[PDB]
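S.K.: Input: one structure, supplied below.
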DNA sequence: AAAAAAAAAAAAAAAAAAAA
DNA sequence: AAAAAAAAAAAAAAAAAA
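Chains as they are written, first to last, in full-length UniProt numbering: chain A, 34 to 309, 314 to 350; chain B, 34 to 310, 317 to 350; chain C, 35 to 312, 317 to 350; chain D, 34 to 349.
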């Protein structure tokens, strides 16, 4: 009925949170996904330490983490999630042992082990996507102090190393900065900061975001952009005739590509980083694909977070 | 009627330095503050050894410090401070034992011990504020060699770990950099290199800095900024009749809003450094007796401005 | 004509019959590419590159070897048709896979040595033609590998054989590696903008010169590429009704270029350019004309964008 | 008679190059030092391969290196250096095995092994210094294409990873770039680009560069600066009364102390990486000074405003 | 505000520790 | 000048690699 990824995510969430997992709230799904991701990187207290090439301080931190008691059952997580007594069984069963690699499992040849590893990787990917989406949603109302210049804002979102490894094409941060600065291999992916990510309640059902869906302005905006993208993207929403909290998606932005403006030095010339302004820099236009067709909407010239705050005024 | 914070420091300084402690000389107050800070941090000779996890060299240094003869009455600390015979009693009775933690003091329930611990903590905060002000004052005429590039200049003042542990919001340095390069949370504080610190002679008596109070140019400049800040801040000081190295404050700069107005390039649009928006035309907001005014930046560091205007 | 061009002309004739037009850039480029593939044993039914090939590479080489070879009359490009003689040529002139000049020299066979030298010259000519075609293509559509000036510095990006044949002109990954290798007498500096006559001029030894009828795109490709400065367009003047034909009025200098930086040291201030001391869009290029060198102000836009705007 | 480092370098060069090692030429000493460095890093053909964490291409390259025959006795290196028949014995004896670490040897406790490891470390450092000096000397007459902007020139000289590991305080390149960009630990060292490196003929003798020494202009300049440094440094040379090709050193430049023209942002203002440049002035830039310590005393010499390489070319 | 908690008597170059 | 060597055929998601 559903692909492997969504099926495994639903199974894991149901097993670990029992009946307390709501399937129609973005925050609850996000909390469940974040908790599950924590459960799969060997980061929770009482899990195997990371000491392969750990510095003395890292050795101490990992030893302290290992010594500390693991989370107990019946524990409240997030706002409306309560662990079930059988979460330990799922953790012991479906969680690969620390250091597990696909090469070793394939050499062993165990079909069950291979399937469990595939499910683990798929759940990692789905939870990383949900966590990036929730990061976008948070940035729509609460600015991050770390981001202070376009040079820093270029690497948003800031996420842990395992998050970068799972989805290098979507997750930025320190690891993405190092990868971009270092040698670029065959597996290098450029940080597609504004990739489309369906909301949590759709990302676990497979219903791809599209026109006609009934969604809130904040959730749609965090899906298609983040806190510091231009406010013109707000045009992609239309309030409904009812309460107005949940509207309808009318159109989605289109990703422009190409058209480099560099001019390499030759015959005694000097390089030009950008050939280009004020009039076009301010107004500008963005291509929004609607049901009727593509429309060029002039950019509002302001941050999305500022636009949302002003509208809330 | 001074707050307990300043009362504790005044009493300690009196007990430790007799009449030699002048409450009107900034250098003397600073020397006494540093002395009290090193005493209450267990760094004076003959004090307990920091050998909880000391390395070989650090273990040897701590053992030598413990073995070394402790300071005696009549010792000269600075230029115009002399220890008294009561300093030994003050250290024995007021300084908490090495490694003492407020958890154990609260668990014991002794009200006197809790009061002593609170007094020690407040005294450390006061002495750290005074030390930060002294670092700002010194850097107005002689810059730290560790400051070579904007990255290094972003972390002034460079004070030891204990100082940062006392007032995280003011002291920069290696520990501030480490905290910056580590985890962040509610308990995390931001280094405010230009947070207003009243001068020592004004700090220990509770007098807040305000327009119209007699101060020196260096005093105000260190009390509102440091050596490498834009020279425009010098406008906050105006000499009196005949100057005489003493003037008056005419304003106090306002702080910058932390709101970020960036708009990152996306979907083909062009990135904007400031949605609201020349470099030498920027203005600072000064709160004067009348109201807020805008003063154009000078473009030169206070250190260089003082060097050039010295003669 | 020099043997370097004579070998290419003879091979092209023997392979393509009379269909090999010698006055069209596209036809010559297609023929050169086909000959380069033939002499690299990259065609169907040719040898297999299995010295150290990995499992998948080994399998693909085996499949290519087993795959049927091209037959006479095959249509290559748009206006080139193979001749039955080509096989014989491919049987004789093409060196066996893995043959090294050391073994040929040790053998002492004069015929084999001459064949190897002819093969090397043919490879050099084919690589030059491929570089010109790459510039021509880049003049309309840009490769995505070039996003920053650092990546643009190594254009064109060609295989290792291309760099080996003509290290002076070809760049790519192998040129990047050689830059980090070491410096010596054999070391040749990359010249991204060397004057290469169009294929219709190269195979006949028609060195580009002022007064030669050439298309604007032809001249731009032969003396520049897509991302160069648009001011180079000053070197071409149209004719009656243009009609994609004009004339060369001048050529840019060979563009040696020296670095005039002065890095800060011992407290002195860094200088980004020694000459400028005492404006970014005011820079000018030197063009040698029939009369003398002239300074032409830069346009500030890449040649690609200039051409795109001119088209529409 | 001489420190440990110079003694071990002389011993190694004498053992490896026999009597063909000319002790009074810069180029010959540089070639010998570079060859010793390559031998001691296990990069000569016929030495252990580096495969601990090697990528497939690196594995192939190292396997090819291992398979190839090692250099034979009498092979010509550089210009006037010929290997002796006993170089293989020295390479096998004095070169620590690939992956050798000082911790393992210290745990073993073998005095001979510890001494050999210390000698290898010292020779690595001396050869790195010689090769850095030679890179400078080459930059005085042959520009580098890699250096197109001040950002790139900030990392000169470029050298291999082991070269950076041996002498982080002088060697730049990719590895210094990575260290600076990444976390800065307790062992981090800034690139002292223009440190004073006595010529290789003195660097192997211990005669520190100082006033009164007879040296060429090119060698002295490469010792106290590199290709793109300011031209005023040429004032540190005084042509002799004879031919004038080879002169004497009068004074050495002093690493400036006091230039802190930064202006950090505060109260909404913006940082200034350098006051003079942002001042939009040229008068100061043409009237700078450099503090040359001479025999009589310190002197302030006005900067010539042109690259050292260009000044050398124009003089010739 | 309450809580929690490394050659300018004392800040470059070379050495022993650590390790394109 | 020589030697040494979703615009029949260019993003998103999956199985390979990590």
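Ideal Cβ placement from N, Cα and C applies to all residues, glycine included.
By the 10 Å Cβ neighbour count, where 16 or more other Cβ atoms means buried, how is residue 131/D classified, buried or exposed?
M.R.: Flag for residue 131/D reads exposed.
S.K.: In angstroms with no decimal places, state the Cα-to-Cα distance between residue 98/D and residue 211/D.
M.R.: Near 28 Å, if we compare the C-alpha coordinates of residue 211/D and residue 98/D.
S.K.: With respect to the beta strand (DSSP E) encompassing residue 271/C, which residues constitute its N-terminal and C-terminal limits?
M.R.: 270 to 272 is the extent of the beta strand (DSSP E) around residue 271/C.
S.K.: Excluding the five sequence neighbours on either side, which residues of its own chain have a C-beta within less than 7 Å of the C-beta of residue 135/C, listed in chain order?
M.R.: For residue 135/C, where only same-chain residues beyond five positions count, the Cβ hits under 7 Å are 150.
S.K.: Counting contacts by CB-CB distance shorter than 8 Å, is residue 311/B in contact with chain D?
M.R.: Coordinates for residue 311/B are lacking, as chain B steps from 310 to 317 with nothing built in between.
S.K.: If you measure between the beta carbons of residue 59/A and residue 190/A, is that distance less than 8 Å?
M.R.: No, the Cβ-Cβ distance between residue 59/A and residue 190/A is not below 8 Å.
S.K.: Are there 16 or more other CB atoms within 10 angstroms of the CB of residue 325/C, so buried, or fewer, so exposed?
M.R.: Looking at its Cβ environment, which holds 16 or more other Cβ atoms inside 10 Å, residue 325/C is buried.
S.K.: Looking at the unbroken alpha helix (DSSP H) that takes in residue 236/B, where does it start and where does it end?
M.R.: Taken as a continuous stretch (DSSP letters only), the alpha helix (DSSP H) holding residue 236/B covers 233 to 236.
S.K.: Residue 322/C bridges to which residues according to DSSP?
M.R.: Residue 322/C is bridged to 335/C.
S.K.: In chain A, which residues lie less than 7 Å from residue 286/C when you measure between Cβ atoms?
M.R.: Chain A residues near residue 286/C: 300.
S.K.: Quick check on this structure: which residue in 110/B, 164/B and 146/B has the alpha carbon closest to the alpha carbon of residue 126/B?
M.R.: Among 110/B, 164/B and 146/B, the Cα nearest to that of residue 126/B is on 146/B.
S.K.: What is the DSSP secondary structure of residue 90/B, reduced to helix, strand or coil?
M.R.: Residue 90/B falls in the helix class under three-state DSSP.
S.K.: Could you tell me which chain D residues have their CB closer than 8 Å to the CB of residue 323/B, listed as they occur along the chain?
M.R.: Near residue 323/B (Cβ distances below 8 Å), the residues of chain D are 300, 301 and 302.
S.K.: With a cut-off of 8 Å, do at least 3 Cβ pairs link the segment 242 to 256 of chain A to the segment 279 to 291 of chain A?
M.R.: Segments in contact, yes.
S.K.: With respect to the beta strand (DSSP E) encompassing residue 285/D, which residues constitute its N-terminal and C-terminal limits?
M.R.: Segment 284 to 286, the beta strand (DSSP E) holding residue 285/D.
S.K.: Alpha carbon to alpha carbon, how far is residue 331/D from residue 250/D? Give it in angstroms, no decimals.
M.R.: Answer to the nearest angstrom: the Cα atoms are 21 Å apart.
S.K.: Apart from the five residues just before and just after residue 195/A, which ones in its own chain have a Cβ nearer than 6 Å to its Cβ?
M.R.: Result list for residue 195/A: 74, in chain order.
S.K.: Taking the alpha-carbon positions, what's the residue 267/C to residue 333/C distance?
M.R.: Near 13 Å, if we compare the C-alpha coordinates of residue 333/C and residue 267/C.
S.K.: Considering only their Cβ atoms, is the gap separating residue 61/B from residue 111/B smaller than 8 Å?
M.R.: Contact: yes.
S.K.: Please list the terminal residues of the continuous alpha helix (DSSP H) segment that includes residue 167/A.
M.R.: 144 to 172 is the span of the alpha helix (DSSP H), which, as asked, contains residue 167/A.
S.K.: Assuming contact is defined by CB atoms lying nearer than 8 Å, are residue 297/A and residue 304/A in contact in what I supplied?
M.R.: Yes, these two residues count as a Cβ contact at 8 Å.
S.K.: Determine the chain D residues that contact residue 213/C at a beta-carbon separation under 9 Å, and present them in chain order.
M.R.: The contacting residues are 178 and 179.
S.K.: With residue 255/C and residue 179/C assumed to form a contact (beta carbons below 8 Å), what rounded beta-carbon distance in angstroms separates them?
M.R.: So it is not a contact: roughly 19 Å between Cβ atoms.
S.K.: Under a Cβ-count criterion, where at least 16 other Cβ atoms within 10 Å of its own Cβ denotes burial, should residue 299/A be classed as buried or exposed?
M.R.: Buried is the call here.
S.K.: At which residues does the alpha helix (DSSP H) containing residue 253/A begin and terminate?
M.R.: Its alpha helix (DSSP H) spans residues 250 to 257.
S.K.: Mapping DSSP to helix, strand and coil, what is residue 71/A?
M.R.: In this structure, residue 71/A counts as helix in the three-state DSSP scheme.
S.K.: Counting only Cβ pairs nearer than 8 Å, list the residues of chain B close to residue 339/A.
M.R.: The answer, in chain order, is 296 and 308.
S.K.: Give the C-beta separation of residue 209/B and residue 197/B to the nearest angstrom, bearing in mind that I take them to be a contact with Cβ-Cβ under 8 Å.
M.R.: Their Cβ separation, rounded to whole angstroms, is 6 Å, which keeps residue 209/B and residue 197/B in contact under 8 Å.
S.K.: Considering only the alpha carbon of each residue, which of 257/C, 295/C and 153/C lies closest to residue 228/C?
M.R.: For the residues 257/C, 295/C and 153/C, the minimum Cα distance to residue 228/C belongs to 257/C.
S.K.: Residue range of the alpha helix (DSSP H) that residue 343/C falls in?
M.R.: 341 to 349 is the span of the alpha helix (DSSP H), which, as asked, contains residue 343/C.
S.K.: Mind reading off the beta-carbon distance from residue 203/B to residue 159/B? Whole number of angstroms is fine, and I expect it under 8 Å.
M.R.: Not confirmed; about 12 Å, so no contact.
S.K.: Please specify which runs of the alpha helix (DSSP H), each continuous and at least 4 residues long, are wholly inside the segment 108 to 141 of chain C, giving them in chain order.
M.R.: Those alpha helix (DSSP H) runs which fall completely within the segment 108 to 141 of chain C and span 4+ residues are 119 to 126 and 135 to 141.
S.K.: Kindly indicate the opening and closing residues of the alpha helix (DSSP H) around residue 310/B.
M.R.: That residue, residue 310/B, is in no alpha helix (DSSP H); it is neither H nor E in DSSP.
S.K.: Work out the CA separation of residue 72/D and residue 152/D for me, nearest whole Å.
M.R.: Approximately 14 Å between the Cα atoms of the pair.
S.K.: Taking the alpha carbon of residue 122/C as the reference point, which residue from 115/C, 133/C, 114/C and 106/C has its own alpha carbon closest?
M.R.: Among 115/C, 133/C, 114/C and 106/C, the Cα nearest to that of residue 122/C belongs to 106/C.
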